[PDB]
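Contents: one structure, followed by commentary.
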Amino acid sequence: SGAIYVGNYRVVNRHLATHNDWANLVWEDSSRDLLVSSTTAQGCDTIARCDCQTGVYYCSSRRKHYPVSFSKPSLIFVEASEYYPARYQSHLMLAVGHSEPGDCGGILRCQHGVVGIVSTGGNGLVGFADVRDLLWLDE
Ligand SMILES: CSc1ccccc1CC(=O)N1C[C@H](C)C[C@H](C(N)=O)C1
Ligand SMILES: [Zn+2]
(Lines give C-alpha, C1' and ligand atoms only; values in the text may rest on other atoms or scores of the structure.)
(Ligands and ions follow the chains in the order given, each with its own letter.)
Protein backbone atom coordinates (compact mmCIF):
# COMPACT_ATOMS: atom_id res chain seq x y z
CA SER A 1 0.00 0.00 0.00
CA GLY A 2 1.00 3.70 -0.34
CA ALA A 3 -0.06 7.07 -1.76
CA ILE A 4 1.32 10.47 -2.93
CA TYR A 5 -0.38 13.48 -1.39
CA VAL A 6 0.29 16.68 -3.40
CA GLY A 7 -2.01 19.69 -3.03
CA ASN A 8 -5.68 18.69 -3.29
CA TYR A 9 -4.64 15.32 -4.86
CA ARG A 10 -4.03 11.68 -3.84
CA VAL A 11 -2.01 9.45 -6.25
CA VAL A 12 -2.41 5.72 -5.78
CA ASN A 13 -1.89 2.46 -7.74
CA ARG A 14 -5.11 2.11 -9.83
CA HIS A 15 -5.36 -1.62 -8.90
CA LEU A 16 -5.46 -0.62 -5.21
CA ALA A 17 -7.80 2.44 -5.39
CA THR A 18 -10.80 2.44 -2.98
CA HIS A 19 -14.54 3.29 -3.61
CA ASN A 20 -13.66 6.78 -2.22
CA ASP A 21 -10.85 7.35 -4.83
CA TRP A 22 -13.37 6.37 -7.58
CA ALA A 23 -16.17 8.64 -6.04
CA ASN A 24 -13.61 11.57 -6.17
CA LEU A 25 -11.87 10.48 -9.47
CA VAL A 26 -9.74 13.16 -11.14
CA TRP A 27 -7.83 10.95 -13.64
CA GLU A 28 -6.97 7.27 -14.13
CA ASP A 29 -4.92 5.25 -16.59
CA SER A 30 -4.99 1.43 -16.56
CA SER A 31 -1.95 1.37 -18.93
CA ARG A 32 0.01 3.25 -16.16
CA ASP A 33 -1.64 1.57 -13.14
CA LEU A 34 -2.34 5.13 -11.79
CA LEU A 35 -5.36 6.83 -10.32
CA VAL A 36 -5.59 10.35 -8.88
CA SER A 37 -8.37 11.48 -6.54
CA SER A 38 -9.47 14.71 -4.84
CA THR A 39 -8.76 15.35 -1.19
CA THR A 40 -10.30 17.91 1.13
CA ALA A 41 -6.95 18.49 2.92
CA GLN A 42 -3.67 19.91 1.47
CA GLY A 43 -0.83 17.50 0.54
CA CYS A 44 2.81 18.32 1.23
CA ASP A 45 4.83 15.90 -0.95
CA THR A 46 7.05 17.64 -3.53
CA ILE A 47 6.96 16.01 -7.01
CA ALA A 48 10.35 15.84 -8.70
CA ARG A 49 10.58 17.52 -12.15
CA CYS A 50 13.83 15.94 -13.40
CA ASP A 51 15.48 13.08 -15.38
CA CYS A 52 17.25 11.43 -12.40
CA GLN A 53 18.03 7.72 -12.79
CA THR A 54 19.08 7.17 -9.11
CA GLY A 55 17.09 7.48 -5.93
CA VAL A 56 15.72 5.76 -2.87
CA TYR A 57 12.53 3.63 -2.50
CA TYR A 58 10.60 2.25 0.46
CA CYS A 59 10.21 -1.52 0.62
CA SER A 60 7.41 -2.44 3.09
CA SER A 61 8.13 -6.23 2.94
CA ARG A 62 11.60 -5.47 4.41
CA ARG A 63 10.74 -2.31 6.49
CA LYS A 64 13.73 -0.66 4.81
CA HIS A 65 14.61 1.97 2.24
CA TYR A 66 16.93 0.87 -0.56
CA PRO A 67 19.06 3.03 -2.92
CA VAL A 68 18.49 2.12 -6.65
CA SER A 69 19.55 2.99 -10.20
CA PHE A 70 16.43 2.87 -12.34
CA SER A 71 15.64 2.88 -16.04
CA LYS A 72 14.07 5.72 -18.09
CA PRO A 73 10.19 5.66 -18.22
CA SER A 74 9.10 3.21 -20.92
CA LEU A 75 6.51 0.65 -22.22
CA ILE A 76 7.29 -2.69 -20.55
CA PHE A 77 5.35 -5.97 -20.93
CA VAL A 78 3.64 -7.14 -17.68
CA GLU A 79 2.05 -10.65 -17.25
CA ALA A 80 -1.66 -11.22 -16.31
CA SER A 81 -3.06 -10.63 -12.74
CA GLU A 82 -6.44 -10.40 -10.84
CA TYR A 83 -6.32 -6.70 -11.84
CA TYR A 84 -5.06 -6.71 -15.46
CA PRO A 85 -4.78 -8.97 -18.50
CA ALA A 86 -1.29 -9.49 -20.13
CA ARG A 87 -0.19 -6.03 -21.50
CA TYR A 88 2.45 -3.28 -21.83
CA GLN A 89 2.44 -0.80 -18.94
CA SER A 90 3.65 2.64 -20.05
CA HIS A 91 5.74 5.12 -18.05
CA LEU A 92 7.39 2.30 -16.09
CA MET A 93 10.96 2.40 -14.69
CA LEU A 94 12.82 -0.84 -13.71
CA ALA A 95 15.50 -1.22 -11.03
CA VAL A 96 17.41 -4.10 -9.47
CA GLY A 97 16.00 -4.54 -5.99
CA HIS A 98 13.59 -6.47 -3.83
CA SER A 99 9.81 -6.18 -4.17
CA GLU A 100 6.65 -8.25 -3.44
CA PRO A 101 3.00 -7.48 -4.55
CA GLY A 102 2.22 -5.80 -1.17
CA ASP A 103 5.12 -3.37 -1.82
CA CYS A 104 2.98 -1.46 -4.41
CA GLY A 105 2.43 2.14 -3.31
CA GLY A 106 5.97 2.45 -1.91
CA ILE A 107 7.40 5.89 -2.83
CA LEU A 108 10.54 6.34 -4.94
CA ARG A 109 12.35 9.65 -4.32
CA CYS A 110 15.47 11.38 -5.67
CA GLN A 111 17.03 14.66 -4.24
CA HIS A 112 14.36 16.57 -6.30
CA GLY A 113 11.42 14.86 -4.52
CA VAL A 114 8.81 12.20 -5.39
CA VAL A 115 9.62 10.34 -8.63
CA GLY A 116 6.99 7.55 -8.57
CA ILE A 117 5.48 4.60 -6.74
CA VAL A 118 6.18 0.80 -6.73
CA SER A 119 3.84 -0.83 -9.27
CA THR A 120 5.47 -4.02 -10.70
CA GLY A 121 8.28 -6.43 -9.70
CA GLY A 122 10.18 -9.48 -10.92
CA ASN A 123 13.01 -11.88 -10.09
CA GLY A 124 15.32 -9.46 -8.26
CA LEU A 125 13.62 -6.47 -10.04
CA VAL A 126 11.25 -3.64 -9.05
CA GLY A 127 9.08 -1.44 -11.32
CA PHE A 128 7.99 2.13 -10.49
CA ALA A 129 5.13 4.02 -12.16
CA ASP A 130 6.59 7.46 -13.02
CA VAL A 131 4.71 10.63 -11.86
CA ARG A 132 7.21 13.39 -12.94
CA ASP A 133 5.42 14.11 -16.30
CA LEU A 134 2.04 14.81 -14.58
CA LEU A 135 2.75 18.57 -14.44
CA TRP A 136 -0.90 19.30 -13.43
CA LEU A 137 -0.33 17.83 -9.92
CA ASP A 138 1.51 21.04 -8.87
CA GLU A 139 -1.08 23.46 -10.28
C1 LIG B 1 5.68 -4.96 -6.66
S2 LIG B 1 4.61 -5.98 -7.67
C3 LIG B 1 5.39 -7.57 -7.66
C4 LIG B 1 6.63 -7.77 -7.04
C5 LIG B 1 7.23 -9.02 -7.05
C6 LIG B 1 6.61 -10.08 -7.67
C7 LIG B 1 5.39 -9.90 -8.30
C8 LIG B 1 4.75 -8.65 -8.30
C9 LIG B 1 3.35 -8.57 -8.86
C10 LIG B 1 3.28 -7.77 -10.16
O11 LIG B 1 4.30 -7.35 -10.68
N12 LIG B 1 2.05 -7.50 -10.65
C13 LIG B 1 0.81 -7.77 -9.90
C14 LIG B 1 0.53 -6.37 -9.36
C15 LIG B 1 -0.46 -6.36 -8.21
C16 LIG B 1 0.08 -5.47 -10.51
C17 LIG B 1 1.27 -5.30 -11.48
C18 LIG B 1 0.85 -4.36 -12.59
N19 LIG B 1 1.04 -3.08 -12.36
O20 LIG B 1 0.29 -4.79 -13.61
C21 LIG B 1 1.84 -6.69 -11.86
ZN1 LIG C 1 15.63 14.05 -9.62
Side-chain angles (χ1 to χ4, degrees):
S1 52
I4 307 157
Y5 290 104
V6 54
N8 296 339
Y9 297 127
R10 183 169 119 112
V11 183
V12 281
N13 295 83
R14 191 198 187 280
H15 72 267
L16 291 173
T18 64
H19 298 293
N20 207 5
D21 296 317
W22 275 104
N24 294 318
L25 177 68
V26 172
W27 169 80
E28 54 76 28
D29 193 332
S30 48
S31 83
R32 294 180 68 148
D33 181 37
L34 289 178
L35 184 154
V36 179
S37 55
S38 11
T39 70
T40 53
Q42 174 90 351
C44 289
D45 291 341
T46 281
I47 312 298
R49 296 307 178 193
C50 69
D51 81 340
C52 275
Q53 270 186 257
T54 80
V56 173
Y57 82 107
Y58 183 62
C59 168
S60 69
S61 62
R62 287 294 188 274
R63 289 198 204 122
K64 257 197 186 66
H65 299 253
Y66 287 109
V68 286
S69 281
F70 53 90
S71 76
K72 311 229 72 215
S74 58
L75 262 189
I76 288 139
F77 179 82
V78 176
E79 292 174 270
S81 82
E82 334 89 271
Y83 312 115
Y84 301 110
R87 84 219 204 278
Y88 290 97
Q89 177 168 321
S90 60
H91 299 271
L92 184 64
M93 299 167 298
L94 298 183
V96 177
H98 178 77
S99 60
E100 296 180 37
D103 285 316
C104 284
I107 282 152
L108 173 71
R109 302 181 70 98
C110 64
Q111 68 180 107
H112 308 111
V114 176
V115 173
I117 47 158
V118 182
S119 176
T120 80
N123 298 258
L125 301 159
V126 54
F128 305 101
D130 184 43
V131 305
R132 306 175 286 183
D133 62 313
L134 306 176
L135 308 193
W136 55 271
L137 288 176
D138 307 338
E139 62 211 14

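Count residues from 1 along the sequence.
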May I have the list of side-chain donor-acceptor pairs in residues 92-105 shorter than 3.5 Å, sequence neighbours left out?
{"residue": "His98", "atom": "NE2", "partner": "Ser61", "partner atom": "OG", "Å": "3.2"}
{"residue": "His98", "atom": "NE2", "partner": "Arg62", "partner atom": "NH1", "Å": "3.2"}
{"residue": "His98", "atom": "NE2", "partner": "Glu100", "partner atom": "OE2", "Å": "3.1"}
{"residue": "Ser99", "atom": "OG", "partner": "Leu125", "partner atom": "O", "Å": "2.9"}
{"residue": "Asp103", "atom": "OD1", "partner": "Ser60", "partner atom": "N", "Å": "2.9"}
{"residue": "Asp103", "atom": "OD1", "partner": "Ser60", "partner atom": "OG", "Å": "2.8"}
{"residue": "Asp103", "atom": "OD1", "partner": "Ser61", "partner atom": "N", "Å": "2.8"}
{"residue": "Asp103", "atom": "OD1", "partner": "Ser61", "partner atom": "OG", "Å": "3.4"}
{"residue": "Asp103", "atom": "OD2", "partner": "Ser61", "partner atom": "OG", "Å": "2.7"}
{"residue": "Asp103", "atom": "OD2", "partner": "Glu100", "partner atom": "N", "Å": "2.8"}

Taking salt bridge (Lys or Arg N to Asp or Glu O under 4.0 Å) as the definition, give me every residue that meets it alongside [X], ordered by chain and number, with sequence neighbours left out.
{"X": "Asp133", "result": "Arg32"}
{"X": "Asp45", "result": "none"}
{"X": "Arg87", "result": "none"}

For [X], what residues pass the side-chain hydrogen bond (donor to acceptor under 3.5 Å, both in side chains) criterion, not counting sequence neighbours?
{"X": "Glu28", "value": "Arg14"}
{"X": "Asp21", "value": "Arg10, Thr18, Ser37"}
{"X": "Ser90", "value": "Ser31"}

Checking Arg63 against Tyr58 for the side chain to side chain contact (heavy atoms under 4.5 Å, CB included) test, could you report, in this order, the C-alpha distance in whole Å, the side-chain angles of both residues, the deciding distance, and whether it holds?
CA-CA 8 Å; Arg63 289 198 204 122; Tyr58 183 62; 4.2 Å; yes
Quick one: list whatever passes ring-ring contact (aromatic ring centres under 6.0 Å, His included) with [X], sequence neighbours left out.
{"X": "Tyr88", "value": "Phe77"}
{"X": "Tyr5", "value": "none"}
{"X": "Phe70", "value": "none"}

Which atom pairs, one a donor and one an acceptor, fall under 3.5 Å between side chains of residues 106-124 and the rest of the protein, sequence neighbours left out?
{"residue": "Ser119", "atom": "OG", "partner": "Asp33", "partner atom": "OD2", "Å": "2.6"}
{"residue": "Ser119", "atom": "OG", "partner": "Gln89", "partner atom": "NE2", "Å": "3.0"}

Counterpart residues, side-chain contact (heavy atoms from CB on, under 4.5 Å), relative to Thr54 (two or more places apart)
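Partners of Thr54 under the side-chain contact (heavy atoms from CB on, under 4.5 Å) test: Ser69.
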Is there a side chain to side chain contact (heavy atoms under 4.5 Å, CB included) between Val26 and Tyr9 once you walk through the steps?
CA-CA 8 Å; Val26 172; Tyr9 297 127; 3.9 Å; yes
Can you tell me how far OH of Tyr83 sits from CG of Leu16, rounded to the nearest 0.5 angstrom?
5.5 Å
Mutual orientation of the aromatic rings belonging to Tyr57 and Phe128 [parallel < 30°, tilted 30-60°, perpendicular > 60°]:
perpendicular
Just say parallel, tilted or perpendicular for the rings of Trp136 and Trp27, cut-offs at 30° and 60°.
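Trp136 vs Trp27 ring planes: perpendicular.
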Could you check if a side-chain atom of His91 sits within less than 4.5 angstrom of a side-chain atom of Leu34, using non-hydrogen atoms only?
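With C-beta onward as the side chain, the pair stays apart.
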Compare all side-chain heavy atoms of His15 with those of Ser81 and state whether any distance is below 4.5 angstrom.
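A side-chain contact under 4.5 Å is absent here.
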